[PDB]
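Okay, so here's the structure we're looking at.
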Amino acid sequence: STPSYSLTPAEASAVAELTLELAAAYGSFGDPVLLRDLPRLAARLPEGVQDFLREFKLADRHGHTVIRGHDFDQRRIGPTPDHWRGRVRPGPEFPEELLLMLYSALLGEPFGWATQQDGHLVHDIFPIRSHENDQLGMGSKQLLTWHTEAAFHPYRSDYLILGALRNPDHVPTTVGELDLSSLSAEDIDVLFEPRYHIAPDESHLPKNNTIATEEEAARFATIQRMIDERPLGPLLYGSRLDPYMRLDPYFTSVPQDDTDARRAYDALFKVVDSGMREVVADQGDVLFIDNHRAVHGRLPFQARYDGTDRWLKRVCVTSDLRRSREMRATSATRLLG
Amino acid sequence: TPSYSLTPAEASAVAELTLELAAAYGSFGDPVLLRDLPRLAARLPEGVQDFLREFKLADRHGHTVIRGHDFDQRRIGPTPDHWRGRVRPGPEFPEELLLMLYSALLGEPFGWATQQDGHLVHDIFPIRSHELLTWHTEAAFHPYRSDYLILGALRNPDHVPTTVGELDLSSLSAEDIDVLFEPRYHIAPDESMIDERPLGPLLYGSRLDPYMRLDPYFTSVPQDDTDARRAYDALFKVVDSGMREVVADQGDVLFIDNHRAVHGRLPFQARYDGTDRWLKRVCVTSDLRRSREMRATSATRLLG
Ligand SMILES: [Fe+3]
Ligand SMILES: [Fe+3]
């Protein structure tokens, strides 16, 4: 099936030790020196773990992989919080967040969305009672149906890194890839063509934010133009033999009169749906998603709200930070918005 | 403009590393070397990694230089007559490896399948057979052009310059810039499947501090677009008049940001006796996957 790496207890221990040393040496993520040193620091990780991610990145074949067996010290980490707002930064789980930042530097550059949890590079995935009814990360009861992250956005993540601090009930993440053998050459061709409209989530709508001041007008200008012009785009791209995809069923409009587009899209939708895997990121697992080769989602679960709930950390990764310069306030900031 | 001058200790640490690596891997066709490159770059002196990383993340300067490497002139040998025919890797392999390590610090080495048999490390030396004063963005037309160029000067006995120039913005007005940000210019290919099409901009990214792709010789503006030709003229004047002479001396490695700086070379009398100027050159991509459609396999780093 899809490769994973299981850490020996020695490797788990060397990672944990690195991670505590760095938490203590660096103050927060607000320290620009940390961001600068990341790739050099990620080269102190066990070499087998660095070779493995590098092969995964370079092979550009599997849509996800997992590194299992980290030691995430429960007593040190503490209770799953009630909310992301108002916590002291960094929390006692700072070593785990640093972990994920080191991994993100092996794969490219960590970045974040200005609208998402105040733009924390490593963000939180846990149940907030007040968000109980919503379809998202901090949700619970609602099925989070599968999708490419920010499918419509030309600067969407290349990879996503999910780190499970706890998952007492073993609640799986859904991830699914494209079995191309299942699609007709006719359907593929159609899917490669600019025929499909992919709509922004509300979170990316520009009229969300500060209407005036030239800066912020120029910065949303590309997304505005996209809303105003509704250009059609492909669902499949890269190589015909092994294509990338971006599929967000909920926000995709197949134009009514394009009979060929509809036929191929249903083909594509059905293949990806029936290929969907449940992947359990247990405590001490880190899940890597290739945003160009897999969709992901999450199953509903009952939350307790007592500090014992599932708690994942998440980092968005770009292979090319400069590409998005137009959507960033400064050269230095890693936040779009 | 920021540069880093190696101590002799640093210089020796680098030479030693590149010699150890050269004995350890056969050639660049070794997929394991290619895999290992970021991890191996992390064995270079720390101050050098931090310096390069500050340059990449600052995204402020058009070029930078790391000075005072120890390029062993006896080992490296005389400057050859041609690249073609020549066996690879040669005795200058240590220095090519260095450039590959630098390139892994900035992104990923790639090349073009139709330049020099698609050797990831290109040669720059006088050839009799193929025997300027222009400046350009590398592959300005191409959407998968280099993000950075790395130029290592194995030797440059007559101190012949490279030309590099950036955009001084304050000499352009906000009308001209706004025009240049729009998709109203054609940029032609070269002797270099997915093909010719739309009209691109010249300036992009932030409007307060723009990137550029600017190849004067192969740029055209539709006659009818007179706002465009006016603000084009005003961009060229700014750029051409800002050009600097940068000498990549023996032991210098020049890093050019392909989005913030154009470069060219200056004509020079060659002598063809094995003692001429020899640079090496590696093209760097921030996002190798972005070019997948023009590469024959997942694994190859050659475009086309
Ligand atoms: Fe998601
Ligand atoms: Fe050139």
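Read the figures in this text as sums done on the coordinates, not as results from a lab. No Cβ is skipped: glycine too gets one built from the backbone with ideal geometry, and neighbour counts run over all protein chains shown.
Is it the case that the range B:174-184 has a residue that's closer than 26 Å to B:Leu288 by Cα and touching a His at 6+ places or on another chain (Cβ under 8 Å)? Give the steps one after another, and end with the answer.
Step one: list which residues in the range B:174-184 are closer than 26 Å to B:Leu288 by Cα, which gives B:181, B:183.
Still in the running and touching a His at 6+ places or on another chain (Cβ under 8 Å): none.
No, the range B:174-184 has no match at all.
So is A:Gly137 within 14 Å of ligand 1 (Cβ to nearest atom), farther than 23 Å from A:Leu41 by Cα and in a loop (DSSP other than H, G, I, E, B) or not? Show your work before the answer.
Values: within 14 Å of ligand 1 (Cβ to nearest atom): yes; farther than 23 Å from A:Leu41 by Cα: yes; in a loop (DSSP other than H, G, I, E, B): yes.
So A:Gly137 passes the test.
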Legend entry - Tally of residues being more than 24 Å from the chain's Cα centre (by Cα) and at positive phi across the range B:198-236: 0
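If you take just the helices (runs of 4 or more DSSP H) that sit entirely in the range B:19-114, which of them hold at least 1 residues that are within 14 Å of chain A (Cβ to nearest Cβ)?
B:31-41, B:46-58, B:93-106
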Legend entry - Those residues of the range A:137-177 which are under 27 Å from A:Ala261 (Cα atoms) and either among the aromatic types (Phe, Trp, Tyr) or in contact with a helix residue (DSSP H, G or I) (Cβ under 6 Å, 6 or more places away or on another chain) (or both), in sequence order: A:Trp146, A:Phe152, A:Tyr155, A:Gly176
Legend entry - Members of the range B:122-162 that are over 15 Å from B:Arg277 (Cβ atoms), in contact with a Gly (Cβ under 8 Å, 6 or more places away or on another chain) and near ligand 2 (Cβ under 10 Å from one of its atoms): B:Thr134, B:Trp135, B:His136
Inset, instruction - Six or more apart or on different chains, Cβ under 7 Å: which pairs go from a residue in the range B:139-161 that's more than 21 Å from B:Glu245 (Cα to Cα) to one that's hydroxyl-bearing (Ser, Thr, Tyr) and away from ligand 2 (no atom under 15 Å from the Cβ)? Could you list them? - result: B:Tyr144/B:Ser291; B:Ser146/B:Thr285; B:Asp147/B:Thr285; B:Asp147/B:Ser286
Legend entry - Out of A:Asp320, A:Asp309, sole residue that is within 24 Å of B:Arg292 (Cα to Cα) and either surrounded by 21 or more Cβ atoms within 10 Å (Cβ to Cβ) or within 14 Å of chain B (Cβ to nearest Cβ) (or both): A:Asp320
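Just checking, how many residues over the range B:261-278 are crowded, with 21+ Cβ neighbours inside 10 Å and either within 16 Å of the chain's Cα centre (by Cα) or of a type in the set (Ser, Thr, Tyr) (or both)?
In the first step, residues of the range B:261-278 are kept if they are crowded, with 21+ Cβ neighbours inside 10 Å; the result is B:261-263, B:276-278.
Add one more test, that the residue is either within 16 Å of the chain's Cα centre (by Cα) or of a type in the set (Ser, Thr, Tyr) (or both), and what stays is B:261-263, B:278.
Qualifying residue count, the range B:261-278: 4.
If we keep just the residues of the range B:266-283 that are touching a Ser or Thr at 6+ places or on another chain (Cβ under 6 Å) and within 14 Å of ligand 2 (Cβ to nearest atom), which is nearest to the other protein chains (Cβ to nearest Cβ)? Before you say what the answer is, go through the steps one by one.
Within the range B:266-283, the first condition is being touching a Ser or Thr at 6+ places or on another chain (Cβ under 6 Å), and the residues that meet it are B:274, B:276, B:278, B:282-283.
Within this subset, residues satisfying the condition of being within 14 Å of ligand 2 (Cβ to nearest atom) are B:282-283.
Working: B:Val282: 18, B:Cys283: 15 Å.
The qualifying residue nearest to the other protein chains (Cβ to nearest Cβ) is B:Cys283.
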Legend entry - Complete set of residues in the range A:162-186 that are under 27 Å from A:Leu241 (Cα atoms) and crowded, with 21+ Cβ neighbours inside 10 Å: A:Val175, A:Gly176, A:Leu178
Legend entry - Which numbered condition A:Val272 misses (of (1) touching a strand residue (DSSP E or B) at 6+ places or on another chain (Cβ under 6 Å); (2) over 26 Å from A:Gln116 (Cβ atoms); (3) aliphatic (A, V, I, L, M)): (2)
Legend entry - Number of positions in the range A:279-300 that are surrounded by fewer than 17 Cβ atoms within 10 Å (Cβ to Cβ) and of a type in the set (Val, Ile, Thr): 1
